[PDB]
Amino acid sequence: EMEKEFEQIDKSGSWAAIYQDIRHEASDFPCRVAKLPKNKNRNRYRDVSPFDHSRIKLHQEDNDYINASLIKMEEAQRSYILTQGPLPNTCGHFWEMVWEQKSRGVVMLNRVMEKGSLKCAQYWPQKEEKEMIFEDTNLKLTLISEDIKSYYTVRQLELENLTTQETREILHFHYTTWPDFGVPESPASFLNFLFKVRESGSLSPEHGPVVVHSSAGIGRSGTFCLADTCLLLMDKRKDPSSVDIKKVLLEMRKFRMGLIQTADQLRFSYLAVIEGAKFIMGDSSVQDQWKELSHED
Ligand SMILES: O=P(O)(O)Oc1ccc(Cc2ccc(OP(=O)(O)O)cc2)cc1
Ligand SMILES: [Mg+2]
């Protein structure tokens, strides 16, 4: 049971060892397509690639590769597409993926610039009057409105398939204060953000998989997805004790390598799930408390 176990691990100071054991048992599948010479420029990081079995294929006969993986959680009945922050040359592919997979929301857990370095391209419009056209994939993207809060911003975007003139509203959830290889300010800030995404319907089964990304699409992204899935699992059963956090992470790791990058992010996942369990188990008022504690204004 996660809380009891959280106590034992904490008291022993064994987060490093527990996290290392997870890395040790994690799946290892080939990424042949990711490593093809022609795809060199489609990967942000040499050491972070999508397994061939779970990679998202772009619908085109030219080059269908994009550094993105489909994390299909069978038991939880939820899927996510984890991807790297798009590069200057892969922005069109990114939106093509969003279009083809029928995603309703895009969760960004990083900033364009971190530690003096460009960790992701500016793939969405920053101003209403300056829309973006991706010539290669024939898509148009316009900023419709944005709600800026202290540590996150929600944007309403309009994605248009110029070939068919069909349009869709895409919701962009941008967490701007989560340091790479770091953790959110508090479980409250994280849960407040997660519940905003949930609240929007973006994580609902009637839509394609929500797209979740960070710079590499594995650390902060893995943390986000792990907490959400564990919460959904205990929600289905209304039984927090049926959830084995580590087992869940290993299951996700069958779909994309390196999910959750540090022992502290793992520890933070436990905290988020234990705190979130309060809402799942009947205390709906806790949601407004996270909102207050997050100081989003
Ligand atoms: O670049 P460094 O900071 O020097 O060390 C890293 C090396 C590789 C990664 C990605 C990565 C890490 C682990 C991984 O899977 P696993 O070995 O835990 O199974 C898959 C990708 C992240 C950090
Ligand atoms: Mg203006």
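As the structure lists them, so they are numbered: ligands from 1, and atoms in each ligand from 1. Values below: every heavy atom of this structure, side chains too, minus hydrogens, waters and symmetry copies. Counting begins at 1 with the first residue of the sequence.
For the side-chain contact (heavy atoms from CB on, under 4.5 Å) criterion with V212, the lone passing option out of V107, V197, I81 is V107.
Per-atom contact check: atom 4 (O) of ligand 1 does not touch the protein, criterion being a heavy-atom distance below 4.0 Å. Distance remark: protein heavy atom present below 4.0 angstrom from atom 18 (O) of ligand 1. Shown here, atom 22 (C) of ligand 1 is in close reach of the protein: a heavy atom of it lies under 4.0 Å off.
Against a heavy-atom cut-off of under 4.0 Å, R23 is close to the following atoms of ligand 1: 16 (P), 17 (O), 18 (O), 19 (O). Atoms of ligand 1 found under 4.0 Å from any heavy atom of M257, numbered from 1 in the order shown, are 20 (C), 21 (C). Taking every heavy atom of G258 and a limit of under 4.0 angstrom, the matching atoms of ligand 1 come to 14 (C), 15 (O), 20 (C). Atoms of ligand 1 lying under 4.0 Å from any heavy atom of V48, numbered from 1 in the order shown and given with element: 10 (C). The distance from ligand 1 to the heavy atoms of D47 drops below 4.0 Å at these ligand atoms: 8 (C), 10 (C), 11 (C), 21 (C).
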Before you tell me yes or no, could you show the steps for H24 and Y19 under side chain to side chain donor-acceptor pair (under 3.5 Å), namely the whole-Å CA-CA distance, both residues' side-chain angles and the distance that decides it to 0.1 Å?
CA-CA 9 Å; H24 192 269; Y19 177 62; over 6 Å; no

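Any N or O atom pair closer than 3.5 Å counts here, and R253 shares at least one such pair with ligand 1.
Residues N192 and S189 bring no donor and acceptor atom of their side chains to less than 3.5 Å of each other. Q165 and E160 share no side-chain donor-acceptor pair at under 3.5 Å.
Among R46, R256, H24, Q261, the residue whose heavy atom lies nearest to atom 13 (C) of ligand 1 is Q261.
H59 has its ring centre no less than 6.0 Å from the ring centre of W99. Taking the six-membered ring for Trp, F190 and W178 have ring centres closer than 6.0 Å. For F134 and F94, the ring centers are positioned 6.0 Å apart or more.
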